[PDB]
$ cat protein_14.pdb   # PDB, C-alpha atoms
ATOM      1  CA  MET A   1      -0.412 -15.777  -1.796  1.00  0.00           C
ATOM      2  CA  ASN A   2      -1.685 -13.169   0.657  1.00  0.00           C
ATOM      3  CA  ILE A   3      -1.361  -9.492   1.527  1.00  0.00           C
ATOM      4  CA  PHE A   4       2.089  -9.923   3.057  1.00  0.00           C
ATOM      5  CA  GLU A   5       3.645 -11.714   0.211  1.00  0.00           C
ATOM      6  CA  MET A   6       1.945  -9.244  -2.069  1.00  0.00           C
ATOM      7  CA  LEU A   7       3.522  -6.127  -0.449  1.00  0.00           C
ATOM      8  CA  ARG A   8       6.868  -7.687   0.010  1.00  0.00           C
ATOM      9  CA  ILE A   9       6.908  -7.978  -3.773  1.00  0.00           C
ATOM     10  CA  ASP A  10       5.617  -4.543  -4.469  1.00  0.00           C
ATOM     11  CA  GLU A  11       7.669  -2.836  -1.772  1.00  0.00           C
ATOM     12  CA  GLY A  12      10.760  -5.059  -1.599  1.00  0.00           C
ATOM     13  CA  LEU A  13      12.839  -5.370   1.658  1.00  0.00           C
ATOM     14  CA  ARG A  14      15.473  -2.732   2.515  1.00  0.00           C
ATOM     15  CA  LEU A  15      17.621  -2.587   5.588  1.00  0.00           C
ATOM     16  CA  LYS A  16      19.102   0.818   5.025  1.00  0.00           C
ATOM     17  CA  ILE A  17      17.129   4.114   4.833  1.00  0.00           C
ATOM     18  CA  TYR A  18      16.004   4.832   1.336  1.00  0.00           C
ATOM     19  CA  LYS A  19      13.917   7.276  -0.586  1.00  0.00           C
ATOM     20  CA  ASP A  20      10.584   6.310  -2.093  1.00  0.00           C
ATOM     21  CA  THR A  21       9.209   7.463  -5.593  1.00  0.00           C
ATOM     22  CA  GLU A  22       8.246  10.825  -4.061  1.00  0.00           C
ATOM     23  CA  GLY A  23      11.757  10.994  -2.650  1.00  0.00           C
ATOM     24  CA  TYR A  24      10.700  10.467   0.886  1.00  0.00           C
ATOM     25  CA  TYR A  25      12.830   8.733   3.543  1.00  0.00           C
ATOM     26  CA  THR A  26      11.792   5.139   3.943  1.00  0.00           C
ATOM     27  CA  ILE A  27      12.962   1.859   5.350  1.00  0.00           C
ATOM     28  CA  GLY A  28      12.187  -1.881   5.605  1.00  0.00           C
ATOM     29  CA  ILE A  29       9.009  -2.858   3.790  1.00  0.00           C
ATOM     30  CA  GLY A  30       7.659   0.521   2.561  1.00  0.00           C
ATOM     31  CA  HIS A  31       7.848   2.066   6.073  1.00  0.00           C
ATOM     32  CA  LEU A  32       7.838   5.768   5.494  1.00  0.00           C
ATOM     33  CA  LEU A  33       9.990   7.689   8.035  1.00  0.00           C
ATOM     34  CA  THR A  34       9.401  11.356   7.221  1.00  0.00           C
ATOM     35  CA  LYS A  35       8.538  13.921   4.455  1.00  0.00           C
ATOM     36  CA  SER A  36      11.365  16.237   5.597  1.00  0.00           C
ATOM     37  CA  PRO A  37      14.885  16.219   3.867  1.00  0.00           C
ATOM     38  CA  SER A  38      16.436  15.961   7.308  1.00  0.00           C
ATOM     39  CA  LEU A  39      18.117  12.616   7.258  1.00  0.00           C
ATOM     40  CA  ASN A  40      18.375  13.284  10.945  1.00  0.00           C
ATOM     41  CA  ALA A  41      14.662  13.541  11.246  1.00  0.00           C
ATOM     42  CA  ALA A  42      14.346  10.112   9.444  1.00  0.00           C
ATOM     43  CA  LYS A  43      16.981   8.648  11.781  1.00  0.00           C
ATOM     44  CA  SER A  44      15.329  10.090  14.793  1.00  0.00           C
ATOM     45  CA  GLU A  45      11.933   8.766  13.757  1.00  0.00           C
ATOM     46  CA  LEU A  46      13.590   5.413  13.151  1.00  0.00           C
ATOM     47  CA  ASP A  47      15.234   4.990  16.486  1.00  0.00           C
ATOM     48  CA  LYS A  48      11.955   5.975  18.032  1.00  0.00           C
ATOM     49  CA  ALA A  49       9.989   3.229  16.279  1.00  0.00           C
ATOM     50  CA  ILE A  50      12.767   0.786  16.938  1.00  0.00           C
ATOM     51  CA  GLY A  51      13.723   1.941  20.449  1.00  0.00           C
ATOM     52  CA  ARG A  52      17.463   1.563  19.920  1.00  0.00           C
ATOM     53  CA  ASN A  53      20.121   3.708  18.252  1.00  0.00           C
ATOM     54  CA  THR A  54      20.077   2.400  14.737  1.00  0.00           C
ATOM     55  CA  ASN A  55      22.260   4.666  12.697  1.00  0.00           C
ATOM     56  CA  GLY A  56      19.779   4.145   9.847  1.00  0.00           C
ATOM     57  CA  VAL A  57      20.293   0.369   9.635  1.00  0.00           C
ATOM     58  CA  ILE A  58      17.846  -2.197  10.994  1.00  0.00           C
ATOM     59  CA  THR A  59      17.572  -5.946  10.971  1.00  0.00           C
ATOM     60  CA  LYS A  60      15.256  -8.167   8.981  1.00  0.00           C
ATOM     61  CA  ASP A  61      13.535  -8.858  12.175  1.00  0.00           C
ATOM     62  CA  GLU A  62      12.988  -5.278  13.006  1.00  0.00           C
ATOM     63  CA  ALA A  63      11.864  -4.581   9.475  1.00  0.00           C
ATOM     64  CA  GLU A  64       9.342  -7.439   9.665  1.00  0.00           C
ATOM     65  CA  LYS A  65       7.888  -6.166  12.964  1.00  0.00           C
ATOM     66  CA  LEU A  66       7.382  -2.708  11.497  1.00  0.00           C
ATOM     67  CA  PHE A  67       5.833  -4.433   8.511  1.00  0.00           C
ATOM     68  CA  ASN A  68       3.297  -6.289  10.630  1.00  0.00           C
ATOM     69  CA  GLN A  69       2.362  -3.032  12.465  1.00  0.00           C
ATOM     70  CA  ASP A  70       1.954  -1.188   9.165  1.00  0.00           C
ATOM     71  CA  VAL A  71      -0.381  -3.800   7.712  1.00  0.00           C
ATOM     72  CA  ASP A  72      -2.488  -3.626  10.908  1.00  0.00           C
ATOM     73  CA  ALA A  73      -2.669   0.191  10.658  1.00  0.00           C
ATOM     74  CA  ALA A  74      -3.953   0.001   7.068  1.00  0.00           C
ATOM     75  CA  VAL A  75      -6.651  -2.416   8.165  1.00  0.00           C
ATOM     76  CA  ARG A  76      -7.686  -0.122  10.926  1.00  0.00           C
ATOM     77  CA  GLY A  77      -7.721   2.826   8.706  1.00  0.00           C
ATOM     78  CA  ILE A  78     -10.048   0.980   6.476  1.00  0.00           C
ATOM     79  CA  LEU A  79     -12.402  -0.074   9.190  1.00  0.00           C
ATOM     80  CA  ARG A  80     -12.603   3.318  10.780  1.00  0.00           C
ATOM     81  CA  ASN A  81     -13.229   5.056   7.565  1.00  0.00           C
ATOM     82  CA  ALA A  82     -16.882   5.613   6.850  1.00  0.00           C
ATOM     83  CA  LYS A  83     -16.555   5.160   3.063  1.00  0.00           C
ATOM     84  CA  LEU A  84     -14.292   2.049   2.985  1.00  0.00           C
ATOM     85  CA  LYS A  85     -15.556  -0.182   5.776  1.00  0.00           C
ATOM     86  CA  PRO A  86     -18.652  -1.218   3.949  1.00  0.00           C
ATOM     87  CA  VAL A  87     -16.720  -1.956   0.759  1.00  0.00           C
ATOM     88  CA  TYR A  88     -14.199  -3.961   2.740  1.00  0.00           C
ATOM     89  CA  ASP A  89     -16.817  -5.834   4.671  1.00  0.00           C
ATOM     90  CA  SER A  90     -18.352  -7.114   1.481  1.00  0.00           C
ATOM     91  CA  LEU A  91     -15.153  -8.111  -0.193  1.00  0.00           C
ATOM     92  CA  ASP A  92     -13.566 -11.520  -0.725  1.00  0.00           C
ATOM     93  CA  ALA A  93     -10.047 -12.167   0.647  1.00  0.00           C
ATOM     94  CA  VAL A  94      -8.280 -11.277  -2.693  1.00  0.00           C
ATOM     95  CA  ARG A  95      -9.998  -7.976  -3.306  1.00  0.00           C
ATOM     96  CA  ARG A  96      -9.559  -7.195   0.419  1.00  0.00           C
ATOM     97  CA  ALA A  97      -5.774  -7.619  -0.086  1.00  0.00           C
ATOM     98  CA  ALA A  98      -5.767  -5.217  -3.106  1.00  0.00           C
ATOM     99  CA  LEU A  99      -7.641  -2.698  -1.111  1.00  0.00           C
ATOM    100  CA  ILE A 100      -5.166  -3.008   1.757  1.00  0.00           C
ATOM    101  CA  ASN A 101      -2.266  -2.452  -0.663  1.00  0.00           C
ATOM    102  CA  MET A 102      -3.835   0.815  -1.927  1.00  0.00           C
ATOM    103  CA  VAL A 103      -4.316   2.105   1.628  1.00  0.00           C
ATOM    104  CA  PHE A 104      -0.800   0.927   2.500  1.00  0.00           C
ATOM    105  CA  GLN A 105       0.580   2.959  -0.324  1.00  0.00           C
ATOM    106  CA  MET A 106      -1.613   5.991  -0.494  1.00  0.00           C
ATOM    107  CA  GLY A 107      -3.317   6.239   2.889  1.00  0.00           C
ATOM    108  CA  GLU A 108      -7.017   5.956   3.947  1.00  0.00           C
ATOM    109  CA  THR A 109      -7.875   9.428   2.741  1.00  0.00           C
ATOM    110  CA  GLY A 110      -6.544   9.016  -0.693  1.00  0.00           C
ATOM    111  CA  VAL A 111      -8.276   5.697  -1.183  1.00  0.00           C
ATOM    112  CA  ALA A 112     -11.621   6.768   0.230  1.00  0.00           C
ATOM    113  CA  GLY A 113     -11.915   9.332  -2.459  1.00  0.00           C
ATOM    114  CA  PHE A 114     -12.149   6.596  -5.019  1.00  0.00           C
ATOM    115  CA  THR A 115     -14.825   4.584  -3.373  1.00  0.00           C
ATOM    116  CA  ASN A 116     -17.228   5.071  -6.171  1.00  0.00           C
ATOM    117  CA  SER A 117     -14.756   4.011  -8.815  1.00  0.00           C
ATOM    118  CA  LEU A 118     -14.015   0.986  -6.711  1.00  0.00           C
ATOM    119  CA  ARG A 119     -17.580  -0.110  -6.440  1.00  0.00           C
ATOM    120  CA  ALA A 120     -18.064   0.593 -10.187  1.00  0.00           C
ATOM    121  CA  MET A 121     -15.132  -1.632 -11.120  1.00  0.00           C
ATOM    122  CA  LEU A 122     -16.995  -4.383  -9.604  1.00  0.00           C
ATOM    123  CA  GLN A 123     -19.972  -4.153 -12.040  1.00  0.00           C
ATOM    124  CA  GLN A 124     -20.208  -5.743 -15.470  1.00  0.00           C
ATOM    125  CA  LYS A 125     -21.161  -2.677 -17.601  1.00  0.00           C
ATOM    126  CA  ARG A 126     -18.308  -0.267 -18.290  1.00  0.00           C
ATOM    127  CA  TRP A 127     -16.370  -1.441 -15.280  1.00  0.00           C
ATOM    128  CA  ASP A 128     -13.298  -0.336 -17.265  1.00  0.00           C
ATOM    129  CA  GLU A 129     -14.119   3.313 -17.360  1.00  0.00           C
ATOM    130  CA  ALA A 130     -13.862   3.241 -13.566  1.00  0.00           C
ATOM    131  CA  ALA A 131     -10.455   1.554 -13.857  1.00  0.00           C
ATOM    132  CA  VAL A 132      -9.324   4.255 -16.199  1.00  0.00           C
ATOM    133  CA  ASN A 133     -10.001   6.924 -13.530  1.00  0.00           C
ATOM    134  CA  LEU A 134      -7.581   5.559 -11.118  1.00  0.00           C
ATOM    135  CA  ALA A 135      -5.006   5.369 -13.887  1.00  0.00           C
ATOM    136  CA  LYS A 136      -5.171   9.074 -13.894  1.00  0.00           C
ATOM    137  CA  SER A 137      -4.649   9.467 -10.081  1.00  0.00           C
ATOM    138  CA  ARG A 138      -1.333  10.697  -8.955  1.00  0.00           C
ATOM    139  CA  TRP A 139      -0.882   7.070  -7.857  1.00  0.00           C
ATOM    140  CA  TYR A 140      -0.677   5.361 -11.231  1.00  0.00           C
ATOM    141  CA  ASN A 141       1.434   8.053 -12.686  1.00  0.00           C
ATOM    142  CA  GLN A 142       3.995   7.588  -9.994  1.00  0.00           C
ATOM    143  CA  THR A 143       3.867   3.741  -9.993  1.00  0.00           C
ATOM    144  CA  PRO A 144       2.108   2.667 -13.120  1.00  0.00           C
ATOM    145  CA  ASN A 145       3.032  -1.031 -13.120  1.00  0.00           C
ATOM    146  CA  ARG A 146       2.187  -1.447  -9.469  1.00  0.00           C
ATOM    147  CA  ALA A 147      -1.148   0.355 -10.123  1.00  0.00           C
ATOM    148  CA  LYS A 148      -2.040  -2.063 -12.863  1.00  0.00           C
ATOM    149  CA  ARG A 149      -1.197  -5.106 -10.888  1.00  0.00           C
ATOM    150  CA  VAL A 150      -3.237  -3.873  -7.930  1.00  0.00           C
ATOM    151  CA  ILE A 151      -6.161  -2.796 -10.061  1.00  0.00           C
ATOM    152  CA  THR A 152      -6.118  -6.049 -11.895  1.00  0.00           C
ATOM    153  CA  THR A 153      -6.278  -7.928  -8.625  1.00  0.00           C
ATOM    154  CA  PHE A 154      -9.062  -5.776  -7.422  1.00  0.00           C
ATOM    155  CA  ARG A 155     -11.091  -6.355 -10.541  1.00  0.00           C
ATOM    156  CA  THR A 156     -10.414 -10.079 -11.048  1.00  0.00           C
ATOM    157  CA  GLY A 157     -10.256 -11.305  -7.437  1.00  0.00           C
ATOM    158  CA  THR A 158      -7.333 -13.604  -8.480  1.00  0.00           C
ATOM    159  CA  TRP A 159      -3.625 -13.384  -8.235  1.00  0.00           C
ATOM    160  CA  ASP A 160      -2.943 -13.544 -11.970  1.00  0.00           C
ATOM    161  CA  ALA A 161      -0.975 -10.260 -11.938  1.00  0.00           C
ATOM    162  CA  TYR A 162       1.524 -11.716  -9.383  1.00  0.00           C
ATOM    163  CA  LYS A 163       1.531 -14.319 -11.536  1.00  0.00           C
TER     164      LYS A 163
END
$ encode --input "protein_14.pdb" --output "structure tokens"
Amino acid sequence: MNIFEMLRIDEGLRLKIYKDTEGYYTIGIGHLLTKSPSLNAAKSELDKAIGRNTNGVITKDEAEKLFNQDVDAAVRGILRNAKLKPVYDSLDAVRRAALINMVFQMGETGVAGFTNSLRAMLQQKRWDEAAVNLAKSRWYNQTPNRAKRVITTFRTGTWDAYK
């Protein structure tokens, strides 16, 4: 498996505008449109990204294109961020993928604040206390099963959680 397969699972694929866990307007593979309650705003943002006049419905191909752009963005956010680049650089392909998923979901800022818990999770002594911290984030509380899966991946460096 890889990052793509991983998010497709966690995000699912949706061709009509939907609302995430925070009730925000979203489409395709976890592509957030806007934080406003203006469906029009969402639509407008959509047609913009897409080009065409979508009416809030896109194709699997369009969704997939947005998906590839979004994964690239996450990677760049990581590499531009002073706290995460070094972590990333040193990681193996599986823990890189977990880290990308976090950024994908919560943004570079959110993730960078946990840098120390991340590095701690990677030690042998009390690595679990570090895991616990993230459990408490607003993250986990919103999407607890996805948080476990991702954290498990990040700790183990295997795909067991996927399974």
$ residues_around --input "protein_14.pdb" --residues "stretch 42-54 of chain A" --least-positions-apart "5" --cutoff "9 Å" --atoms "all atoms listed in the file" --output "list in words"
residues 17, 25, 26, 27, 32, 33, 34, 35, 36, 37, 62 and 66 of chain A
$ residues_around --input "protein_14.pdb" --residues "stretch 72-84 of chain A" --least-positions-apart "2" --cutoff "9 Å" --atoms "all atoms listed in the file" --output "PDB file with C-alpha atoms, in the frame of the given file"
ATOM      1  CA  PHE A  67       5.833  -4.433   8.511  1.00  0.00           C
ATOM      2  CA  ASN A  68       3.297  -6.289  10.630  1.00  0.00           C
ATOM      3  CA  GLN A  69       2.362  -3.032  12.465  1.00  0.00           C
ATOM      4  CA  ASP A  70       1.954  -1.188   9.165  1.00  0.00           C
ATOM      5  CA  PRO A  86     -18.652  -1.218   3.949  1.00  0.00           C
ATOM      6  CA  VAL A  87     -16.720  -1.956   0.759  1.00  0.00           C
ATOM      7  CA  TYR A  88     -14.199  -3.961   2.740  1.00  0.00           C
ATOM      8  CA  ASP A  89     -16.817  -5.834   4.671  1.00  0.00           C
ATOM      9  CA  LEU A  99      -7.641  -2.698  -1.111  1.00  0.00           C
ATOM     10  CA  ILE A 100      -5.166  -3.008   1.757  1.00  0.00           C
ATOM     11  CA  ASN A 101      -2.266  -2.452  -0.663  1.00  0.00           C
ATOM     12  CA  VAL A 103      -4.316   2.105   1.628  1.00  0.00           C
ATOM     13  CA  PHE A 104      -0.800   0.927   2.500  1.00  0.00           C
ATOM     14  CA  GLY A 107      -3.317   6.239   2.889  1.00  0.00           C
ATOM     15  CA  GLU A 108      -7.017   5.956   3.947  1.00  0.00           C
ATOM     16  CA  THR A 109      -7.875   9.428   2.741  1.00  0.00           C
ATOM     17  CA  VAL A 111      -8.276   5.697  -1.183  1.00  0.00           C
ATOM     18  CA  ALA A 112     -11.621   6.768   0.230  1.00  0.00           C
ATOM     19  CA  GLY A 113     -11.915   9.332  -2.459  1.00  0.00           C
ATOM     20  CA  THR A 115     -14.825   4.584  -3.373  1.00  0.00           C
TER      21      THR A 115
END
$ atom_distance --input "protein_14.pdb" --atom1 "atom CA of residue A:95" --atom2 "atom CA of residue A:120"
13.6 Å
$ residues_around --input "protein_14.pdb" --residues "residue A:11" --least-positions-apart "3" --cutoff "9 Å" --atoms "all atoms listed in the file" --output "ChimeraX atom specification"
/A:6-8,14,28-30
$ atom_distance --input "protein_14.pdb" --atom1 "atom CA of residue A:102" --atom2 "atom CA of residue A:147"
8.6 Å
$ atom_distance --input "protein_14.pdb" --atom1 "atom CA of residue A:23" --atom2 "atom CA of residue A:146"
17.1 Å
$ closest_residue --input "protein_14.pdb" --among "A:122, A:105, A:94, A:85" --to "residue A:21" --atoms "only C-alpha atoms"
A:105
$ closest_residue --input "protein_14.pdb" --among "A:41, A:9, A:131, A:118" --to "residue A:96" --atoms "only C-alpha atoms"
A:118
$ resolve_selection --input "protein_14.pdb" --expression "the PyMOL selection byres ((chain A and resi 157) around 8)" --output "PyMOL selection string"
chain A and resi 92+94-95+153-156+158-159
$ residues_around --input "protein_14.pdb" --residues "residue A:138" --least-positions-apart "3" --cutoff "12 Å" --atoms "only C-alpha atoms" --output "ChimeraX atom specification"
/A:21-22,105-106,110-111,133-135,141-144,147
